Enquirer: 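Encoded as C-alpha cells, here's the structure I'll be asking about.
Just so you know, ligand 1 is whichever comes first in the structure, and atom 1 is the first atom listed for that ligand. We number each residue from 1, following the sequence as shown.
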Amino acid sequence: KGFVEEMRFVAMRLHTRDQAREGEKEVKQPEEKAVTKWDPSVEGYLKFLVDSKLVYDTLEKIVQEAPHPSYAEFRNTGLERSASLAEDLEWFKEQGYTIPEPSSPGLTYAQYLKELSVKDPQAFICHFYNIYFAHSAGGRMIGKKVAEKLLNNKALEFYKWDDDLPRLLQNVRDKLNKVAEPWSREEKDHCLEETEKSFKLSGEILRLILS
Ligand code: HEM
C-alpha cells in the first residue's frame, strides 16, 4: 500500500484545526491561525518569497546532482517553483519594492536540506514531499488571501502551473510510492519521523509573512 498516503496522514495531523479540516493542533505560533485572520505585510511577504526561492533552488540542485541515484527520478516534475518566484520578484521590483536578502529561515532550511540529501535519503524524501505538496495545498490559499489583503488580488506566478495540477501531483505521488517501495519498514518509519522537522523549518519561513 502506497507510502505517500502514510506521509500525508502524518502531515495532516500536524496541521492546526485552524487552518485545515483534518488538522489536530491548537494554535501556538502566528501564523498557525486561520489565514483569513492574518495581518501580513509586503515587506514580510517578500522575505517569505526570497527564502522560499532559496529552498526551491536547493531542492532543484539536489535532484540534478543526485548524490543518491533515486533523486534523479524527481527531476523535471513540473512542480518546480524557482522560475515562477524569479518572475514574481521581478514584478515586485518593477513596482518599486526592495528585494531583501535571504533571511535565517531560508538559509537554515537550505543548509539542512543539503546535509540530509547526502547522509539520509529517507529524511530528504520527507522534506521533498512536504515542501512541494504543502505549496500546492495550503500554499495556494495563502497566496490568494495575501494577494487580497495586500496586492489588489494580483495573481502571482508562484501559484500557477503550466499543466493540470491534479495530474502533475498524482504523477509525483506515484513516483514517491515507487521510490519507497523497496524501502524497509524501518526506512519508511524514519522518513515519517522527520515530518515534525519539516513542519518546523517550513513554518519558520511562513512566519516571515507576519513578521
Ligand atoms: C499556514 C500554514 C498552512 C495552511 C493554512 C495549510 C493548509 C492546508 C490545507 C487546507 C490542506 C488540505 C488540502 C489539500 O490536501 O489539498 C493542506 C494539505 C497539506 N499540507 Fe498544509 N497548510 C499549512 C502549512 C503546511 C506545512 C508547514 C506543511 C509541511 C511543511 C504542510 C504540508 C501539507 C501537505 C503535505 C498536505 C497534503 C497535500 C496533498 O495531499 O497533496 N502544510 N494544508
Enquirer: With backbone taken as N, CA, C and O and side chain as the heavy atoms from C-beta onward, which portion of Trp38 lies under 4.0 Å from ligand 1: side chain, backbone, both, or neither?
Expert: side chain
Enquirer: For the residue pair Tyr56 and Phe158, does the interplanar ring angle fall in the parallel (under 30°), tilted (30 to 60°) or perpendicular (over 60°) class?
Expert: perpendicular
Enquirer: Using a strict 4.0 Å threshold on nitrogen-to-oxygen distance, state whether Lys154 and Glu148 make a salt bridge.
Expert: no
Enquirer: So is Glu22 close enough to ligand 1, meaning a heavy atom under 4.0 angstrom away?
Expert: no
Enquirer: Answer yes or no for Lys144 and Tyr159: cation-pi contact, defined as NZ/CZ to six-membered ring centre under 6.0 Å and angle to ring axis within 45°.
Expert: no
Enquirer: Are there more than 12 heavy atoms of other residues, nucleotides or ligands under 6.0 Å from atom CG of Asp162?
Expert: no
Enquirer: For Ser202, take its heavy atoms, then give the atoms of ligand 1 lying under 4.0 Å from any of them.
Expert: 27 (C), 30 (C)
Enquirer: Looking only at heavy atoms, what is the nearest atom pair of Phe3 and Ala180, with distance?
Expert: CD2-CB, 3.6 Å
Enquirer: Judging by distance only, is a nitrogen or oxygen of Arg8 under 3.5 angstrom from one on ligand 1?
Expert: yes
Enquirer: Touching ligand 1 at all, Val35? Heavy atoms, strictly under 4.0 Å?
Expert: yes
Enquirer: Once you restrict to heavy atoms under 4.0 Å, what part of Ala134 touches ligand 1? Side chain, backbone, both or neither.
Expert: both
Enquirer: Given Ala137, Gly23, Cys126, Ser136, identify the one with the heavy atom nearest to atom 16 (O) of ligand 1.
Expert: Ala137
Enquirer: Considering distance alone, does some N or O of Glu31 sit under 3.5 Å from an N or O of ligand 1?
Expert: no
Enquirer: Between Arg173 and ligand 1, which residue portion shows a heavy-atom distance shorter than 4.0 Å: side chain, backbone, both, or neither?
Expert: side chain
Enquirer: Which part of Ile142 is near ligand 1, with near meaning a heavy atom under 4.0 Å away: side chain, backbone, both or neither?
Expert: side chain
Enquirer: At less than 4.0 angstrom from any non-hydrogen atom of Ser198, what atoms of ligand 1 do you find?
Expert: 30 (C)
Enquirer: Within ligand 1, which atoms have a heavy atom of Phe133 less than 4.0 Å away?
Expert: 35 (C), 38 (C), 41 (O)
Enquirer: Do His15 and ligand 1 have an N or O pair less than 3.5 Å apart?
Expert: yes
Enquirer: Any salt bridge linking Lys25 with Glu32? Criterion: basic side-chain nitrogen under 4.0 Å from a carboxylate oxygen.
Expert: no
Enquirer: If you draw a 6.0 Å radius around CD in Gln170, do more than 12 non-hydrogen atoms from other residues or ligands fall strictly inside?
Expert: yes
Enquirer: Can you name the closest pair of heavy atoms from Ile209 and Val146 and give their distance?
Expert: CG2-CG2, 4.3 Å
Enquirer: Compute the ring centroids of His68 and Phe124, then answer whether they are less than 6.0 Å apart.
Expert: no
